[PDB]
């Protein structure tokens, strides 16, 4: 009957169950009663690789949040009782960058489980700006609980922004390199947008898995090299009457190998969507961009305003969550983090 969180006090140290009181809410704030919260490589980063959080410790992690607004500041009453997905990163909505369509670079953006207390908790206080309403009627009809669509935040929306930006359209070849986590939904969403998707990875189990979920062709990056990789996608395109131009290539590995591979796949009018982050440098013919009249598009998370469309893909069964999602009790946060670090998990963990 008291709200509680599971907080990181220190990298590698045990998570601490800490009860708390919700205070006065500012005018634009709401309390969401967490249904579920996803476990991300970003979260494992903070905890196992000592990546600095913006908020000082102790801090409840978790940015992949669904739940219900149970409490609201003065200008947020309209949200009470509505089931929501919380945006993983929330722009101001009011500054010249936000208002000119550059929300992804708001100097005042807030990420639960980094900037503020996160969603590994019964309850989490968040701004009401960009909350994504969930139709529970449609949720039920898709055979899903509110906790399941928690991972729509970041895991679905991030690749959704990448694909929208890239302008995937029917007849396209799409290539996604690294087809775990973000990448897997990159394949599913590219496919929903009309592309014939080539999936590339080092793990033949994720390749096998994506065969059933929108990957019309799969290639192991350990087996097939650069020169052959181009020929094999050219082959796929020719054999299926698909575009030899305007390839939509999503780099979702976050490794220099992946980036080098993806850049090598550029052709006339191609879009390379850079989604994965590495500090590794890469050797590339930058001028190929001019030679092919191609573009490389970075993507920093996703504007909230696209969350409802990403959700509609799930609700209208145009993609699958359920096969990539496993609910766990929040009190297992310790065992789950350990399991996910040791790559012993195949589905994305949701804590309840």
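Residue numbers count along the first chain shown, from 1.
Mean C-alpha temperature factor, higher of 222 to 230 and 128 to 136 = The deposited B-factors put 222 to 230 ahead on the C-alpha mean.
Which of the two stretches, 321 to 329 or 288 to 296, shows the higher mean Cα temperature factor in the record?
-> Between 288 to 296 and 321 to 329, it is 321 to 329 that shows the higher mean C-alpha B-factor.
Quick one: which of 96, 154, 280, 115 shows the highest Cα temperature factor in the PDB entry?
-> Across 96, 154, 280, 115, the entry lists the biggest C-alpha B-factor for 280.
Please work out which residue in 167, 87, 180, 103 has the highest C-alpha B-factor recorded for this crystal structure.
-> Of the candidates given, the C-alpha B-factor peaks at 180.
Looking at the entry's B-factor column for C-alpha atoms only, identify whether residue 316 ranks in the lowest, middle or highest third of its chain.
-> Highest third.
Is the Cα B-factor recorded for residue 5 in the lowest, middle or highest third of its chain?
-> Lowest third - that is where residue 5 ends up once the chain's C-alpha B-factors are sorted.
B-factor third for the C-alpha atom of residue 111 within its chain = CA B-factor rank for residue 111: lowest third.
Classify residue 271 as lowest, middle or highest third according to the C-alpha B-factor given in the PDB entry, relative to its own chain.
-> Lowest third.
Determine, from the deposited record, the chain-internal third of the Cα B-factor for residue 336: lowest, middle or highest.
-> Middle third - that is where residue 336 ends up once the chain's C-alpha B-factors are sorted.
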